[PDB]
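Step one of this worksheet: look at the structure below.
We use all heavy atoms of the structure for the numbers below, so side chains are in, but hydrogens, waters and symmetry mates are not. In what follows, chains carry the letters A, B, and so on, assigned in the order in which the sequence lines appear, proteins first and then strands, with residues in each chain numbered from 1.
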Amino acid sequence: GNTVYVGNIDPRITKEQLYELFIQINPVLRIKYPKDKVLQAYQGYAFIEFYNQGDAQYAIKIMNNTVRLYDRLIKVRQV
Amino acid sequence: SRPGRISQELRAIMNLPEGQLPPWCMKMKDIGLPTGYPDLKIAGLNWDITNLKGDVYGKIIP
């Protein structure tokens with residue numbers, strides 16, 4: 001319940017950029033940002049862990065379809 | 001990194017010039033301020049809009 005799924009992420013985006021963005025919305029505990037280790041390429045999605053379920057739910061409501069990174073509209077969903 | 005400021009690097013990526021409220025502004029007016037930052041003040045919401053200056057749009061003010 002404390003983790004959200006973030007999608008439509010341009011592979012140029014860094015974990016530190018995702019952190020700067022999402023700490024605007026609530027405190028962030030950790031980010032899991034899957035990478036193909038053979039190609040060292042991000043895969044278009046991430047998991048952002050907030051400190052509790054309320055804070056995650058708030059983030060989904062505020063951020064889904066709200067921000068474009070490299071012109072791509074970011075999706076935020078419960079997972 | 002901190003709530004209420006956005007770096008030049010992230011601003012370029014977001015297409016958010018200095019002096020403009022971030023795009024979640026309207027939704028925060030509807031839903032409320034961050035559940036996890038009780039003392040966050042955002043320019044144009046619960047902080048004077050004249051504080052929307054440079055890379056700053058909000059500040060934690062206890």
Quick check for you: among [options], which has the greatest number of heavy-atom pairs under 4.5 Å with chain B?
options	result
A:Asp10, A:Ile23, A:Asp71, A:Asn52	A:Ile23
A:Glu16, A:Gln17, A:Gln57	A:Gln17
A:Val67, A:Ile25, A:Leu21, A:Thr66	A:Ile25

Fill in: Portion of A:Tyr70 that has a non-hydrogen atom of chain B nearer than 4.5 angstrom
both
Worksheet item: Is chain B contacted by the side chain of A:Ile13, its backbone, both, or neither, given a heavy-atom distance below 4.5 Å?
Response: side chain
Worksheet item: Donor-acceptor pair, B:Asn46 side chain versus B:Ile42 backbone, under 3.5 Å?
Response: yes
Fill in: Short side-chain to backbone donor-acceptor contact, A:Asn8 and A:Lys75, under 3.5 Å
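Answer holds: no.
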Discussion item. So which residue, B:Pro3, B:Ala12, B:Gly32, ends up with the most heavy-atom pairs under 4.5 Å with chain A?
Written reply: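 Sorted descending by pairs with chain A, the first entry is B:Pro3.
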Discussion item. Is the ring pair A:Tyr42/A:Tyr33 parallel, tilted or perpendicular, if the boundaries are 30 and 60 degrees?
Written reply: parallel
Fill in: Geometric class of the A:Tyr45/A:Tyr5 ring pair [parallel <30°, tilted 30-60°, perpendicular >60°]
parallel
Worksheet, complete the sentence: Smallest heavy-atom separation, A:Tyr51 atom then A:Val28 atom, equals CE1-C, 3.5 Å
Worksheet item: chain A heavy atoms under 4.5 Å from B:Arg5: which part of the residue, side chain, backbone, both or neither?
Response: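 Both parts, heavy atoms under 4.5 Å.
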Worksheet item: Transitively linked via ILVMFWY side-chain contacts under 4.5 Å: A:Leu73 with A:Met63?
Response: no
